[PDB]
Structures are given as structure tokens and as C-alpha cells.
$ cat start.cif   # mmCIF, C-alpha atoms; chains and numbers go by the auth columns
data_coords
#
loop_
_atom_site.group_PDB
_atom_site.id
_atom_site.type_symbol
_atom_site.label_atom_id
_atom_site.label_comp_id
_atom_site.label_asym_id
_atom_site.label_seq_id
_atom_site.Cartn_x
_atom_site.Cartn_y
_atom_site.Cartn_z
_atom_site.B_iso_or_equiv
_atom_site.auth_seq_id
_atom_site.auth_asym_id
ATOM 1 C CA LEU A 1 64.948 103.498 129.710 0.00 660 R
ATOM 2 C CA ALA A 2 62.877 105.288 127.035 0.00 661 R
ATOM 3 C CA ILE A 3 65.222 108.266 127.263 0.00 662 R
ATOM 4 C CA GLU A 4 68.452 106.234 127.438 0.00 663 R
ATOM 5 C CA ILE A 5 67.401 104.607 124.149 0.00 664 R
ATOM 6 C CA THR A 6 67.351 108.080 122.573 0.00 665 R
ATOM 7 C CA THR A 7 70.790 108.902 123.962 0.00 666 R
ATOM 8 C CA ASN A 8 72.186 105.599 122.683 0.00 667 R
ATOM 9 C CA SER A 9 70.629 106.109 119.246 0.00 668 R
ATOM 10 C CA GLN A 10 72.024 109.626 118.779 0.00 669 R
ATOM 11 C CA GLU A 11 75.472 108.705 120.127 0.00 670 R
ATOM 12 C CA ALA A 12 75.588 105.644 117.858 0.00 671 R
ATOM 13 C CA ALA A 13 74.716 107.781 114.828 0.00 672 R
ATOM 14 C CA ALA A 14 77.410 110.295 115.793 0.00 673 R
ATOM 15 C CA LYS A 15 79.913 107.458 116.265 0.00 674 R
ATOM 16 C CA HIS A 16 79.039 106.283 112.754 0.00 675 R
ATOM 17 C CA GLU A 17 79.575 109.797 111.387 0.00 676 R
ATOM 18 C CA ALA A 18 82.888 109.969 113.261 0.00 677 R
ATOM 19 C CA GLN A 19 83.795 106.675 111.591 0.00 678 R
ATOM 20 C CA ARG A 20 82.693 108.301 108.326 0.00 679 R
ATOM 21 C CA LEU A 21 85.207 111.096 108.769 0.00 680 R
ATOM 22 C CA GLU A 22 87.874 108.613 109.905 0.00 681 R
ATOM 23 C CA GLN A 23 87.303 106.189 107.033 0.00 682 R
ATOM 24 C CA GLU A 24 87.088 108.840 104.311 0.00 683 R
ATOM 25 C CA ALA A 25 90.272 110.283 105.817 0.00 684 R
ATOM 26 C CA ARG A 26 92.070 106.928 105.695 0.00 685 R
ATOM 27 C CA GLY A 27 90.717 106.486 102.174 0.00 686 R
ATOM 28 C CA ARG A 28 92.407 109.469 100.591 0.00 687 R
ATOM 29 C CA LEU A 29 95.284 108.951 103.018 0.00 688 R
ATOM 30 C CA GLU A 30 95.908 105.782 101.021 0.00 689 R
ATOM 31 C CA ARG A 31 95.525 107.532 97.651 0.00 690 R
ATOM 32 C CA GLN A 32 97.902 110.341 98.588 0.00 691 R
ATOM 33 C CA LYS A 33 100.509 107.967 99.980 0.00 692 R
ATOM 34 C CA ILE A 34 99.986 106.405 96.553 0.00 693 R
ATOM 35 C CA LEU A 35 100.355 109.558 94.447 0.00 694 R
ATOM 36 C CA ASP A 36 103.462 110.742 96.274 0.00 695 R
ATOM 37 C CA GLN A 37 105.030 107.319 95.783 0.00 696 R
ATOM 38 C CA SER A 38 104.082 107.829 92.120 0.00 697 R
ATOM 39 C CA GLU A 39 106.252 110.941 91.872 0.00 698 R
ATOM 40 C CA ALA A 40 109.030 109.311 93.903 0.00 699 R
ATOM 41 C CA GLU A 41 109.187 106.361 91.495 0.00 700 R
ATOM 42 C CA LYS A 42 108.907 108.694 88.489 0.00 701 R
ATOM 43 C CA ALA A 43 112.259 110.169 89.480 0.00 702 R
ATOM 44 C CA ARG A 44 113.677 106.940 90.886 0.00 703 R
ATOM 45 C CA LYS A 45 113.685 106.279 87.147 0.00 704 R
ATOM 46 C CA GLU A 46 116.430 108.906 86.813 0.00 705 R
ATOM 47 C CA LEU A 47 118.047 107.551 89.985 0.00 706 R
ATOM 48 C CA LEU A 48 118.583 104.112 88.587 0.00 707 R
ATOM 49 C CA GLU A 49 119.295 105.232 85.018 0.00 708 R
ATOM 50 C CA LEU A 50 122.236 107.302 86.199 0.00 709 R
ATOM 51 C CA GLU A 51 123.226 104.996 89.074 0.00 710 R
ATOM 52 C CA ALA B 1 109.280 99.487 86.352 0.00 711 F
ATOM 53 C CA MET B 2 110.900 101.572 83.614 0.00 712 F
ATOM 54 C CA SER B 3 112.993 103.349 86.265 0.00 713 F
ATOM 55 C CA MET B 4 114.589 100.208 87.644 0.00 714 F
ATOM 56 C CA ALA B 5 114.548 98.935 84.051 0.00 715 F
ATOM 57 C CA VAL B 6 117.030 101.573 82.936 0.00 716 F
ATOM 58 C CA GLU B 7 118.778 100.930 86.259 0.00 717 F
ATOM 59 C CA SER B 8 119.252 97.257 85.424 0.00 718 F
ATOM 60 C CA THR B 9 120.248 97.842 81.806 0.00 719 F
ATOM 61 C CA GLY B 10 122.978 100.290 82.813 0.00 720 F
ATOM 62 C CA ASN B 11 123.988 98.201 85.831 0.00 721 F
ATOM 63 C CA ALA B 12 124.673 95.190 83.613 0.00 722 F
ATOM 64 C CA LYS B 13 126.116 97.195 80.709 0.00 723 F
ATOM 65 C CA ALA B 14 128.511 98.286 83.476 0.00 724 F
ATOM 66 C CA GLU B 15 129.990 94.856 84.214 0.00 725 F
ATOM 67 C CA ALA B 16 129.685 94.381 80.456 0.00 726 F
ATOM 68 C CA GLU B 17 131.648 97.332 79.029 0.00 727 F
ATOM 69 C CA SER B 18 134.144 96.712 81.822 0.00 728 F
ATOM 70 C CA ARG B 19 135.169 93.304 80.514 0.00 729 F
ATOM 71 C CA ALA B 20 134.515 94.651 77.002 0.00 730 F
ATOM 72 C CA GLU B 21 137.099 97.456 77.022 0.00 731 F
ATOM 73 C CA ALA B 22 139.442 95.158 78.924 0.00 732 F
ATOM 74 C CA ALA B 23 138.937 92.699 76.068 0.00 733 F
ATOM 75 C CA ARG B 24 139.570 95.413 73.447 0.00 734 F
ATOM 76 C CA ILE B 25 142.997 96.246 74.670 0.00 735 F
ATOM 77 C CA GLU B 26 144.100 92.934 76.124 0.00 736 F
ATOM 78 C CA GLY B 27 143.394 91.831 72.562 0.00 737 F
ATOM 79 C CA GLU B 28 145.388 94.533 70.820 0.00 738 F
ATOM 80 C CA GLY B 29 147.952 93.726 73.492 0.00 739 F
ATOM 81 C CA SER B 30 148.237 90.141 72.325 0.00 740 F
ATOM 82 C CA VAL B 31 148.198 91.536 68.775 0.00 741 F
ATOM 83 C CA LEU B 32 151.471 93.294 69.300 0.00 742 F
ATOM 84 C CA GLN B 33 152.762 90.476 71.537 0.00 743 F
ATOM 85 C CA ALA B 34 152.242 88.424 68.385 0.00 744 F
ATOM 86 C CA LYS B 35 154.139 90.836 66.130 0.00 745 F
ATOM 87 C CA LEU B 36 156.931 90.832 68.706 0.00 746 F
ATOM 88 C CA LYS B 37 157.282 87.303 70.112 0.00 747 F
ATOM 89 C CA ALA B 38 157.370 86.615 66.396 0.00 748 F
ATOM 90 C CA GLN B 39 160.700 88.414 65.935 0.00 749 F
ATOM 91 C CA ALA B 40 161.751 86.740 69.176 0.00 750 F
ATOM 92 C CA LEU B 41 161.378 83.180 67.901 0.00 751 F
ATOM 93 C CA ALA B 42 162.042 84.240 64.296 0.00 752 F
ATOM 94 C CA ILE B 43 165.745 84.895 64.933 0.00 753 F
ATOM 95 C CA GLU B 44 166.545 82.891 68.074 0.00 754 F
ATOM 96 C CA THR B 45 166.735 79.960 65.674 0.00 755 F
ATOM 97 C CA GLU B 46 168.244 82.199 62.964 0.00 756 F
ATOM 98 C CA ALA B 47 171.470 82.406 64.877 0.00 757 F
ATOM 99 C CA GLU B 48 170.832 78.901 66.217 0.00 758 F
ATOM 100 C CA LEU B 49 169.934 78.214 62.588 0.00 759 F
ATOM 101 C CA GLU B 50 173.549 78.931 61.692 0.00 760 F
#
$ encode --input "start.cif" --output "C-alpha cells"
Amino acid sequence: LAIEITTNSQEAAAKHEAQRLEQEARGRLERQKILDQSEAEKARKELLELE
Amino acid sequence: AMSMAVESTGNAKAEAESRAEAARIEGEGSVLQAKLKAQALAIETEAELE
């Protein structure tokens, strides 16, 4: 038991760091979805002007 | 917003200038219809006058 507690603690911390990578990834995933939609709408301006 | 703004302004100026240019020349059409259907009625009852 006193060694399984150590295994659980280290694996939980690594799971949290894996969630860190995942959540930071999803975070700028959102922002870059956002910025590319920015450029798309910037020229959808010309789309709808000329359409 | 400004993209679909210029979209909308052109899209409605479309159905606008359509009826507009149609109005221009349907109007000058009736203008000469006027000058003409004038000389129609003007002398129908010039002979029928006599």
C-alpha cells in the first residue's frame, strides 16, 4: 500500500501534465481556428461586395 | 460585418437599379408614346372633325 500510493501520486501528476498539454493545445487550437476564420471573413468581404 | 455589409448593399442596389433602369426607359417610352398617341387622337377627330 505505501508503495502503491507513490505510484498513484506520480501517475496522477503525469495525467495532470498530460491534461496540461491537451488543454493548452485545445486553447490555441481555438485561437487559430479563430484567426484563420478572421482571414476568411476579411476576404469574404470582397466575396460579398462583388457577389 | 463590413463584408456582408457591402454584400447586402450591392445585393439590394441590384434589385434596385434593375427596376430603376427599367423605370428610366419605360418612362421615356411613355414619353414618346405621349408625343405619338397625341398625333393619333389629334387628327382622328380632325378628319372626323370635318
$ closest_atom_pairs --input "start.cif" --of "segment 711-756 of chain F" --to "segment 698-704 of chain R" --cutoff "10 Å" --atoms "only C-alpha atoms" --output "Markdown table"
| residue | atom | partner | partner_atom | distance |
| --- | --- | --- | --- | --- |
| F:711 | CA | R:704 | CA | 8.1 |
| F:712 | CA | R:704 | CA | 6.5 |
| F:713 | CA | R:704 | CA | 3.1 |
| F:714 | CA | R:704 | CA | 6.2 |
| F:715 | CA | R:704 | CA | 8.0 |
| F:716 | CA | R:704 | CA | 7.1 |
| F:717 | CA | R:704 | CA | 7.4 |
$ axis_aligned_box --input "start.cif" --around "segment 677-696 of chain R" --padding-each-side "5 Å" --output "lines of an AutoDock Vina configuration file"
center_x = 93.9
center_y = 108.4
center_z = 103.9
size_x = 32.3
size_y = 15.3
size_z = 28.8
$ atom_distance --input "start.cif" --atom1 "atom CA of residue 752 of chain F" --atom2 "atom CA of residue 734 of chain F"
26.7 Å
$ residues_around --input "start.cif" --residues "residue 710 of chain R" --least-positions-apart "4" --cutoff "9 Å" --atoms "all atoms listed in the file" --output "list in words"
residues 705 and 706 of chain R; 717, 720 and 721 of chain F
$ atom_distance --input "start.cif" --atom1 "atom CA of residue 750 of chain F" --atom2 "atom CA of residue 733 of chain F"
24.6 Å
$ atom_distance --input "start.cif" --atom1 "atom CA of residue 722 of chain F" --atom2 "atom CA of residue 736 of chain F"
20.9 Å
$ closest_residue --input "start.cif" --among "F:753, F:760, F:741, F:724" --to "chain R" --atoms "only C-alpha atoms"
F:724
$ residues_around --input "start.cif" --residues "residue 718 of chain F" --least-positions-apart "5" --cutoff "9 Å" --atoms "all atoms listed in the file" --output "list in words"
residues 707 and 708 of chain R; 713 and 723 of chain F
